[PDB]
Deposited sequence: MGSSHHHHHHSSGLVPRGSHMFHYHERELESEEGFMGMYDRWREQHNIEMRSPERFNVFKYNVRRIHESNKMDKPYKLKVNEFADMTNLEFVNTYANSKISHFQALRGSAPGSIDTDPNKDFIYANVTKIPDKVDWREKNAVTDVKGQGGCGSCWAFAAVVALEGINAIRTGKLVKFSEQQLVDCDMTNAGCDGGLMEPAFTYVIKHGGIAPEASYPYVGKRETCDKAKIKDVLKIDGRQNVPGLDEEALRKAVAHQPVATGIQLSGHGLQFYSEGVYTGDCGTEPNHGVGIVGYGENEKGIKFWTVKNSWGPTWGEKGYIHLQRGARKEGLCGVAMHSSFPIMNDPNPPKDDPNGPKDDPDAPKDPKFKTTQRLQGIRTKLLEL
């Protein structure tokens, strides 16, 4: 639309299909076929119409991001969040760790950092993975940061094992959730992390198998980024990918397709992610580039650009509990 000035794997539909039950049923059957969904019912059709109407209405608003009628269109946001964003980061942080913002931060004294950073362009980021229903986002987030530090130093990009963390790290709660900081402690104290090729992901906690732990990446330390400080977070991201918690609730996040996400978001992280970059789009909107673990069909081939500088806690609580491994 002419008057829109904040903007500039996709399911196509015509607005006319929303005007009748027949058009909506035809759209629903076409959506099911394109996403390889066989399951249909009056209730799922009802959820589909509710979500599509919200997606359609959201896309008529002037904002720098778009939503798409993805494969999660027949899920209510409550079912979606309970299945895919249930790693309990804020919950375990309150039970185990410190409030956000509280040896010193290794990047504290850095003054000169680039305006734009994209670790994907520097062979420090592996392909997007799929976590499934398992509340193991803390292990995926820790692994993004470990794959990052290893590749920056050695020049060889190796996928590391989330499964080893899920099975072996007894300080965390496996598929029930956990935290990145103790996952890094586990890697330091218990001998290192094996490549994915040696300890593959199964999406459920199994017996810790010592035979699969070989050709390990060893690290020396880890630290938290000083919380509630997006500038301190920018200093750490300029040096390496950072593991952080984010809250991914709301229809805006279930259906996020592209652009800089500036929508509603809470400050109770429930999903671990890796921050692999930052920048500013052509319209002056500052962002973080976040690697998610919902596969390549969600967002921009599995990524989300989140608004940077939105609030003290960062948008979606991105700057509350961030941490990174050290190899000194």
item	value
Coordinate gaps, deposited numbering	1 to 3, 12 to 19, 114 to 119, 346 to 385
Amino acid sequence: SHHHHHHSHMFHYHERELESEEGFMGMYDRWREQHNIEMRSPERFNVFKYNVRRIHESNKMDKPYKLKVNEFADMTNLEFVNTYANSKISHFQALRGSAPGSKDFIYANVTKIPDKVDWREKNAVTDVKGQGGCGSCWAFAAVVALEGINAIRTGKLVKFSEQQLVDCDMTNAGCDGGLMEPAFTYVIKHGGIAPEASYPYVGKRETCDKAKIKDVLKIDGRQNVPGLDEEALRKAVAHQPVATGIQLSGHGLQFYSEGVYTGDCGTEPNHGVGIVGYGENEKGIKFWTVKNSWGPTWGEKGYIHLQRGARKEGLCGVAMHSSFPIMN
From here on, numbers count along this sequence of modelled residues.
| query | finding |
| --- | --- |
| 90 to 98 or 71 to 79, whichever carries the higher mean Cα B-factor | 90 to 98 |
| Given 260 to 268 and 45 to 53, the range whose Cα B-factors average higher in the PDB entry | 260 to 268 |
| Out of 139, 85, 134, 242, residue topping the C-alpha B-factor column of the entry | 134 |
| Residue, from 145, 197, 165, 157, that the PDB entry assigns the highest Cα B-factor | 197 |
| Entry-reported Cα temperature factor of residue 283, expressed as the chain third it lands in | highest |
| Record-listed C-alpha B factor of residue 34: chain third | middle |
| Third of the chain's Cα B-factor distribution that residue 291 belongs to, per the entry | lowest |
| Residue 10, C-alpha B-factor rank within chain (lowest, middle or highest third) | highest |
| Residue 226, C-alpha B-factor rank within chain (lowest, middle or highest third) | highest |
